[PDB]
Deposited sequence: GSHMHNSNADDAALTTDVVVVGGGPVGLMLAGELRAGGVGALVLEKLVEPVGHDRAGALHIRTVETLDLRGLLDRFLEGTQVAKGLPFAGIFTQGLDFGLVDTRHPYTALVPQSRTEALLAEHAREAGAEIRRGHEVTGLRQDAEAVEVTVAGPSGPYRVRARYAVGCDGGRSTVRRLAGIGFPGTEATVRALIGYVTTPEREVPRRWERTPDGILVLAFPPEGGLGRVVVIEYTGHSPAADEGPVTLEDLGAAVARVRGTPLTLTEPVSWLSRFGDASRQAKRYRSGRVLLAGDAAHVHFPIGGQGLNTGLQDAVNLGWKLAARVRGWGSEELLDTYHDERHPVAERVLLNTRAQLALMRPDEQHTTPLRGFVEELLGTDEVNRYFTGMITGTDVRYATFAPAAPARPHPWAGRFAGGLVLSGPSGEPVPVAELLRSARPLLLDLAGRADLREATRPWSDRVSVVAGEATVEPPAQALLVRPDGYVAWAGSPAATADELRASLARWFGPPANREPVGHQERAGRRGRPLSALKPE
């Protein structure tokens, strides 16, 4: 309790995002990151719709878009002729932001710092002890071992999570059967076609400048450790069927696989997990970091609330309840996509043909678009029956002010407080909310939503806690307010 409120283990993008969220929630956040210096990641990155919407409601979207290429559509499982159609989903931001992870990390690190989080680099957590009041973290640092005492510890320490094992949380799942290499390497060859291809021997992307030079190589072969330029070239030759001249300078080289695992519990007492610490899977569709950043924004406000007292144990438990199912579906969909890309002219090629056809129908395209981009995420939480809007994402709504001015809910959410939106003129609900005004802001505005709602009680993460029609009463809102956001003041 005495060193800090929350110790965030791991200063990757997820840990950094969480620290920002905890600071926005008015609690102390100490990030302990093992590495002195950041390391290399894929130089191509993707933040999809719901992540973009999430950044917007935290006021980070602008800095993430500056200088950024965006994609207005996406392939699906190596199908490029019927791309995922952002027009078929409801958003104010129909695009994917192609931000390299290194840049996402740098931006979040600066934000955590400006928000007052303490970030210690070269500090490795080596031990973890928990009792009814606090967590103690043991740390190997540049000036020797020391202990940190906190109310909570969150493992944001990646796929090889120290926190997860120390807390005795299971990581059930499958081991890899697919072997991929990725690299940024040089070719002397000119006019190497820039494309993805699928042969009987694997999947290959080559993306080099037409004049030669440093380029992107991804190679995937069906049924961990150092990678050499020779390894990469041999793999490329196997898949492609023709050698490609690859030379120094070599900028980055890595291995990855399709091991698919998920933490059985996202919470064990005063220890929680987020990001790859909580789920790993093959990188297909660019979903891992998106899921993690959203884990962080789900958790941050709830954990700060718990520390401050008005967030209940029940509330904190909804982190696992809400977010475990999401990553579960991500694991499954990445595995499914690997089946859809399997090199095999006999059966899989014909299947891909029908899937491609189906992608040209609005209903199926909408399904896979919602899946990849996160627009289909909604929660079933604290059911009383619930209003249709309960659990839906409201972060992208825009209201009309009394003078006709646009009032984006994304902007209202930047202060990281829950909001009561009065869409219809419900002075009774506005008044009923007064005893919670130390926590919840009330904003009246004109808007029609579908399905209809006269009022929306919105969580700091942009999802709707409670909603009301003309039949809703102040008593019902009082009950929801108490359950979600604690007892009335005074």
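By the record, the deposited chain contains unmodelled runs at 1-12, 236-242, 404-407, 514-536, with no C-alpha atoms placed there.
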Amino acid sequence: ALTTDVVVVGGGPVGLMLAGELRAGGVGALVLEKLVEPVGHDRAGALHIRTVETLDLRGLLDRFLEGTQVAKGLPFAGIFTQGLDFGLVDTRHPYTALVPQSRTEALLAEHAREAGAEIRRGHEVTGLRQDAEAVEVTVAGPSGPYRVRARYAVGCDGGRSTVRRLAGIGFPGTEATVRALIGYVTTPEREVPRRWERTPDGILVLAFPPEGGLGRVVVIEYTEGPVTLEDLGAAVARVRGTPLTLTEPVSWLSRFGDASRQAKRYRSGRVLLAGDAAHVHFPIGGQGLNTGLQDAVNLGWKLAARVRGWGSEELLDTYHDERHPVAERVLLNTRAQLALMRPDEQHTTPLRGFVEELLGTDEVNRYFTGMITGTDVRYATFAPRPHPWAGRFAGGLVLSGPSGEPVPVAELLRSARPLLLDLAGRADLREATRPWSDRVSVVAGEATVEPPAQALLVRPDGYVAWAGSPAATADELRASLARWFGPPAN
From here on, numbers count along this sequence of modelled residues.
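Between the stretches 74-82 and 265-273, it is 74-82 that shows the larger average CA temperature factor.
Here the stretch with the larger average CA B-factor, out of 187-195 and 281-289, is 187-195.
Among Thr104, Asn333, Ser403, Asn298, the highest C-alpha B-factor in the deposited entry belongs to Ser403. Taking only the listed residues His347, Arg151, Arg129, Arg329, the entry reports the highest CA temperature factor at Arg129. When all modelled residues of the chain are sorted by CA temperature factor, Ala44 is found within the highest third. In the PDB entry, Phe208 places in the highest third of its chain by CA B-factor. Placement of the Cα temperature factor of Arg426 within the chain: middle third of the modelled residues, per the deposited record. Ranked by Cα temperature factor within the chain, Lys34 sits in the middle third according to the deposited record. When the CA B factors of the chain's modelled residues are split into thirds, the value for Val6 lands in the middle one.
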